[PDB]
Amino acid sequence: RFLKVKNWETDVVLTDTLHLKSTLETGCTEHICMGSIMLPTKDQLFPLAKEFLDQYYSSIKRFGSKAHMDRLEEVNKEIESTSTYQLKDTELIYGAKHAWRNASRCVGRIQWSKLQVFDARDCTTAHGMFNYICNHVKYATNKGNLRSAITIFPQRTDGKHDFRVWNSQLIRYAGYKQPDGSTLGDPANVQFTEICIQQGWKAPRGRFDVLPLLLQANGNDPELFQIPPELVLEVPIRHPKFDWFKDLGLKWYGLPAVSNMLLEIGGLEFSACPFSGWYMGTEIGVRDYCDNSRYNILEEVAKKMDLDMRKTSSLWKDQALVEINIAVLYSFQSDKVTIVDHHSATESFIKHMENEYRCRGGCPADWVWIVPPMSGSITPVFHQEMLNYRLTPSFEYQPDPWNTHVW
Amino acid sequence: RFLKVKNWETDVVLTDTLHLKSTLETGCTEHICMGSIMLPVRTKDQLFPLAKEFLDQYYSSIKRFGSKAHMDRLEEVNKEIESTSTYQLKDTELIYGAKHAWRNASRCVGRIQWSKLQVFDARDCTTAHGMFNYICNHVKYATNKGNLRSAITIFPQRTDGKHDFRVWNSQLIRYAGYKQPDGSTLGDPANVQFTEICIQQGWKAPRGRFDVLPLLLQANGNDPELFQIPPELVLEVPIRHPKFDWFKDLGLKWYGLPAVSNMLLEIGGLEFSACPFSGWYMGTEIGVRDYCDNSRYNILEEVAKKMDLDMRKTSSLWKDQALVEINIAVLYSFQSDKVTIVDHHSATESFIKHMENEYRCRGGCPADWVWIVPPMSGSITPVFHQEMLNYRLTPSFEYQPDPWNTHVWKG
Ligand code: HEM
Ligand code: HEM
Ligand SMILES: Cc1cc(N)nc(CCc2cc(CCCN)cc(CCc3cc(C)cc(N)n3)c2)c1
Ligand SMILES: Cc1cc(N)nc(CCc2cc(CCCN)cc(CCc3cc(C)cc(N)n3)c2)c1
Ligand SMILES: [Cl-]
Ligand SMILES: [Cl-]
Ligand SMILES: [Cl-]
Ligand SMILES: [Cl-]
Ligand SMILES: [Zn+2]
Ligand SMILES: [Zn+2]
Ligand SMILES: [Zn+2]
């Protein structure tokens with residue numbers, strides 16, 4: 001109701017008033033904190049619409065103006081008549097930027113206002129979706145000098161005509177289970193890869209096979225498309241000191257682009273709204289490369305550095321982990337593909353959070369996600385108390401469509 | 001109601017029922033999570049239920065629930081409360097209580113060990129001098145020449161809140177910090193304020209980088225008193241690195257015995273405001289936190305200078321490199337001197353096995369992810385990918401305000 005957050009490294013105390021405008025629910029109760037769980041009608045719509053428009057018109061400093069009232073009237077009339085309503089371009093651009101501004105798990109938010117928004121509300125077919133996505137990918141990649149972007153397909157209507165991108169990211173590598181029993185490629189993508197082969201994809205059956213897009217337009221059955229290979233910028237991974245590192249045959253793609261979330265603005269639901277920024281290095285070197293359920297390369301790198309792997313207390317895992325991460329950052333930098341390291345990224349977020357407290361009265365942040373997955377306490381976010389709550393406009397999770405889709 | 005937690009690395013799903021026995025509050029509401037906030041006189045009326053529920057837990061655990069002995073103990077405690085406003089725990093209840101507070105401590109990665117806790121009952125203690133003696137015996141027993149043993153010493157419980165026993169130190173063993181006129185700090189900056197108090201109370205400070213603090217001890221609500229732990233009872237480890245011969249020349253060392261002395265033990269409604277407890281270190285506590293926090297010894301720069309890392313840009317990951325070597329050094333030093341220490345890989349693996357075992361046997365294991373996950377190498381430890389549920393069970397360890405803010409000076 002008037003909350004304080006302390007930074008334990010610096011002693012700075014900040015006060016949060018923004019949480020009073022909190023809308024959705026957290027998962028937590030007074031008896032039980034769910035902070036570390038990954039996923040914890042016309043009547044309904046007008047309140048949601050009003051609340052959003054009120055925040056839109058106050059942001060442009062015309063709250064209570066005729067233009068404010070007139071728009072509220074017009075949206076109200078349109079909902080009564082058509083049971084939905086259409087956002088103005090300005091309202092759409094504002095809402096998408098704020099969905100990012102509100103993303104409590106995103107360390108990269110200092111950038112929130114520089115999002116490029118592509119309005120794909122005129123799209124009608126999976127083929128249109130594919131053209132729109134290719135242009136997004138190329139615009140955002142920008143020869144390695146990456147730029148934030150989102151592409152917004154038509155909103156949900158009766159729930160039977162959803163646009164969806166079936167892929168979880170625009171760019172990801174396939175996964176195949178072997179006769180052997182091991183996994184070839186990225187183990188995270190095995191089920192989706194099976195859906196693609198099931199739908200006709202000719203799988204190359206390599207380690208780093210860029211998956212086809214599977215696109216669903218207007219609630220129709222999804223269709224398959226291959227992104228032009230020349231549009232998928234990749235980086236081979238080398239180490240600035242270890243000659244042998246390149247012989248692991250490792251590479252990653254430059255563009256991180258989340259494609260399976262739902263964007264809710266003023267009550268309306270944009271179920272296909274892929275968005276991309278650029279990588280923080282640990283995302284690849286720690287998660288993609290080192291998670292036991294991902295490419296899982298810690299053991300091989302350690303073996304090549306010739307460390308004493310007999311006992312955990314030599315910190316051989318920790319040594320190999322730092323080196324993999326050095327290689328990731330070095331490789332992206334040498335090829336001039338935008339990347340940020342966790343020190344720089346978290347320092348930036350702390351400056352952002354201070355701005356947001358000063359100018360907005362708050363910044364919802366989820367500590368579990370904001371603190372990098374290596375070297376936590378040496379980054380400034382570790383010691384920063386944070387309050388996690390849900391503001392709207394927002395990005396939300398939604399079920400994988402192959403569980404939902406009547407074929 | 002059943003609550004499921006998932007592990008994202010293995011896909012194992014567990015079901016929590018234990019949360020149904022949750023009593024205290026989390027700080028969280030349906031609108032706000034306070035999972036990353038550090039900090040979240042009893043009448044007869046409130047006391048009997050709290051006593052009753054504790055004694056029911058105790059009697060269940062010994063398979064005597066509903067026995068004549070159980071019922072007599074309830075009646076006995078009941079009368080004692082209405083007649084004297086409080087009650088005294090049997091020794092077995094105190095032991096069981098103290099083990100449970102640890103079992104229930106959701107920020108503790110070390111809990112696989114909870115059932116091996118040496119409890120020293122110091123409820124007959126009446127003076128600060130008595131406290132000193134009890135604490136020296138704790139330290140010597142727990143140190144055991146490097147082969148560390150868990151232990152807790154329990155002084156008399158709160159009565160009217162005007163007669164509290166308190167250990168004013170935050171740990172039994174910690175190093176002084178001295179703020180200098182030039183703004184710099186000598187020793188441990190975490191302990192500057194407490195060092196000022198000790199000096200104000202009459203301690204002659206050596207003013208070095210690693211001076212062991214005196215104990216400042218309050219018995220029966222009296223003004224506290226200073227005592228020097230016998231130097232021969234303070235086990236220390238000089239820090240060296242297995243490959244880098246210049247590391248020793250940094251002048252680093254640390255004490256072997258981690259001993260938390262400022263918490264409150266609640267059992268069956270009763271409040272034990274002095275209850276120092278100790279185990280052994282996980283290496284990261286010294287190497288990541290005590291050495292590398294900026295508001296602590298802050299050695300990252302100096303170590304990286306010596307390794308001659310590229311310090312011109314954070315993206316060389318020079319900080320991460322110095323951090324690993326420092327932590328390698330801490331573990332190597334303790335092992336070489338035969339003083340118990342655990343690395344974070346080993347400790348988190350143990351905790352995950354503990355936790356699964358707790359789910360099967362107990363129906364839950366409350367855990368605080370923010371604290372359980374280590375401050376380096378988070379995700380290559382098996383706790384990172386483990387969903388946890390955080391809730392509060394009694395008996396428990398609780399925070400209490402520092403006694404210098406609340407103490408009524410007798411003079
Ligand atoms: C500027 C480049 C960006 C960087 C460096 C960045 C950084 C991150 C990181 C590190 C995570 C957590 C992943 C992890 O745990 O390792 C994250 C999550 C997230 N980011 Fe950002 N981000 C950026 C751009 C964006 C943009 C443009 C949006 C939306 C427009 C966005 C919205 C989110 C959302 C919704 C999540 C959480 C996804 C989930 O809950 O699963 N990010 N981002
Ligand atoms: C046996 C060796 C032990 C190890 C390795 C161990 C490990 C830890 C670690 C790593 C933390 C978090 C400290 C940090 O890194 O910030 C912790 C916190 C805690 N531990 Fe354990 N522990 C051990 C024994 C015990 C014992 C014997 C007790 C009490 C009987 C205990 C109760 C707690 C409590 C109450 C906290 C939270 C402190 C706070 O909230 O500030 N620990 N322990
Ligand atoms: C727009 C954008 C930019 C950027 N740099 N990074 C992102 C990351 C989004 C993302 C995607 C995934 C897909 C699955 C694995 N690659 C995963 C994550 C983080 C997952 C995660 C899991 C768990 C269990 C904890 C935690 N802190 N984070 C985050 C998005
Ligand atoms: C009995 C016992 C054994 C053991 N190995 N470790 C402990 C924990 C002691 C402890 C001591 C302090 C005082 C300062 C350290 N020198 C602080 C803490 C909590 C540290 C902490 C702070 C913050 C801000 C976040 C976080 N995750 N952890 C924990 C207790
Ligand atoms: Cl990724
Ligand atoms: Cl992950
Ligand atoms: Cl410590
Ligand atoms: Cl800390
Ligand atoms: Zn992971
Ligand atoms: Zn919570
Ligand atoms: Zn710290």
# chains A, B, ... in the order shown; residues from 1 in each chain; ligands from 1
call {"tool": "select_by_dssp", "arguments": {"residues": "stretch 18-104 of chain A", "states": "helix (DSSP H, G or I)", "output": "VMD selection string"}}
result
chain A and resid 18 to 21 42 to 59 66 to 82 89 to 101
call {"tool": "interface_residues", "arguments": {"of": "chain A", "to": "chain B", "cutoff": "7 Å", "atoms": "only C-alpha atoms", "output": "PyMOL selection string"}}
result
chain A and resi 9+22+25-37+291-293+312-315+318-319+322+326+329+341+343+367-368+373-378+385-389
call {"tool": "closest_residue", "arguments": {"among": "B:261, B:17, B:298, B:396", "to": "ligand 11", "atoms": "only C-alpha atoms and all ligand atoms"}}
result
B:298
call {"tool": "atom_distance", "arguments": {"atom1": "atom CA of residue B:276", "atom2": "atom CA of residue B:410"}}
result
24.6 Å
call {"tool": "residues_around", "arguments": {"residues": "residue A:223", "least_positions_apart": "2", "cutoff": "9 Å", "atoms": "only C-alpha atoms", "output": "list in words"}}
result
residues 126, 127, 199, 213, 214, 215, 216, 217, 220, 221 and 225 of chain A
call {"tool": "write_last_selection", "arguments": {"atoms": "N, CA and C atoms", "output": "short mmCIF file (atom, residue, chain, number, x, y, z; two decimals), in the first residue's frame"}}
result
data_model
loop_
_atom_site.label_atom_id
_atom_site.label_comp_id
_atom_site.auth_asym_id
_atom_site.auth_seq_id
_atom_site.Cartn_x
_atom_site.Cartn_y
_atom_site.Cartn_z
N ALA A 126 -1.77 -17.67 -43.85
CA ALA A 126 -0.48 -18.11 -43.29
C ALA A 126 0.64 -17.60 -44.15
N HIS A 127 0.39 -17.52 -45.46
CA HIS A 127 1.36 -16.93 -46.40
C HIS A 127 1.66 -15.47 -46.16
N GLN A 199 3.78 -32.93 -40.10
CA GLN A 199 3.16 -32.03 -41.08
C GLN A 199 3.87 -31.96 -42.43
N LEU A 213 8.96 -22.50 -39.87
CA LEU A 213 7.85 -21.87 -39.15
C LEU A 213 6.61 -22.70 -39.39
N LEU A 214 5.73 -22.77 -38.41
CA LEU A 214 4.46 -23.45 -38.63
C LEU A 214 3.43 -22.40 -38.29
N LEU A 215 2.69 -21.95 -39.30
CA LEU A 215 1.85 -20.78 -39.13
C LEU A 215 0.35 -21.05 -39.22
N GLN A 216 -0.38 -20.53 -38.25
CA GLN A 216 -1.81 -20.69 -38.20
C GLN A 216 -2.49 -19.33 -38.37
N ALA A 217 -3.26 -19.23 -39.46
CA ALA A 217 -4.07 -18.06 -39.81
C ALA A 217 -5.56 -18.35 -39.65
N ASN A 220 -7.35 -21.55 -39.01
CA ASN A 220 -7.12 -22.66 -39.94
C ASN A 220 -5.97 -23.54 -39.49
N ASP A 221 -5.90 -24.74 -40.06
CA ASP A 221 -4.80 -25.67 -39.81
C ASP A 221 -3.49 -25.02 -40.18
N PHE A 225 6.60 -23.34 -43.46
CA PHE A 225 7.40 -22.42 -44.27
C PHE A 225 8.87 -22.44 -43.82
#
call {"tool": "residues_near_ligand", "arguments": {"ligand": "ligand 1", "cutoff": "6 Å", "atoms": "only C-alpha atoms and all ligand atoms", "output": "PyMOL selection string"}}
result
chain A and resi 100+103+105-108+111+148-149+275-280+283+369+395
call {"tool": "atom_distance", "arguments": {"atom1": "atom 18 (C, counted along the ligand's line) of ligand 3", "atom2": "atom CA of residue A:168"}}
result
10.4 Å
call {"tool": "residues_around", "arguments": {"residues": "residue A:163", "least_positions_apart": "4", "cutoff": "10 Å", "atoms": "only C-alpha atoms", "output": "list in words"}}
result
residues 123, 124, 125, 126, 129, 152, 153, 154, 155, 156, 159, 215, 216, 217, 218, 219, 220, 222, 270, 271, 272 and 273 of chain A
call {"tool": "write_last_selection", "arguments": {"atoms": "C-alpha atoms", "output": "tab-separated table (two decimals), in the first residue's frame"}}
result
chain	number	residue	atom	x	y	z
A	123	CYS	CA	-2.95	-10.24	-42.47
A	124	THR	CA	-5.49	-12.99	-43.52
A	125	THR	CA	-3.46	-16.05	-44.55
A	126	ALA	CA	-0.48	-18.11	-43.29
A	129	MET	CA	2.12	-14.25	-41.88
A	152	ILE	CA	1.16	-7.98	-34.27
A	153	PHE	CA	-1.27	-10.24	-36.12
A	154	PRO	CA	-5.09	-9.97	-35.84
A	155	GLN	CA	-6.72	-10.13	-32.34
A	156	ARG	CA	-8.78	-13.06	-31.07
A	159	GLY	CA	-11.60	-18.07	-30.15
A	215	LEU	CA	1.85	-20.78	-39.13
A	216	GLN	CA	-1.81	-20.69	-38.20
A	217	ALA	CA	-4.07	-18.06	-39.81
A	218	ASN	CA	-7.71	-17.38	-38.91
A	219	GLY	CA	-8.07	-20.58	-36.89
A	220	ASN	CA	-7.12	-22.66	-39.94
A	222	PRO	CA	-1.17	-24.54	-39.52
A	270	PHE	CA	-3.18	-10.78	-29.71
A	271	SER	CA	-2.33	-14.47	-29.74
A	272	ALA	CA	0.35	-14.13	-32.44
A	273	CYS	CA	2.76	-11.30	-31.61
call {"tool": "atom_distance", "arguments": {"atom1": "atom CA of residue B:116", "atom2": "atom 20 (C, counted along the ligand's line) of ligand 4"}}
result
23.3 Å
call {"tool": "closest_residue", "arguments": {"among": "A:128, A:95, A:256, A:47", "to": "residue A:23", "atoms": "only C-alpha atoms"}}
result
A:47
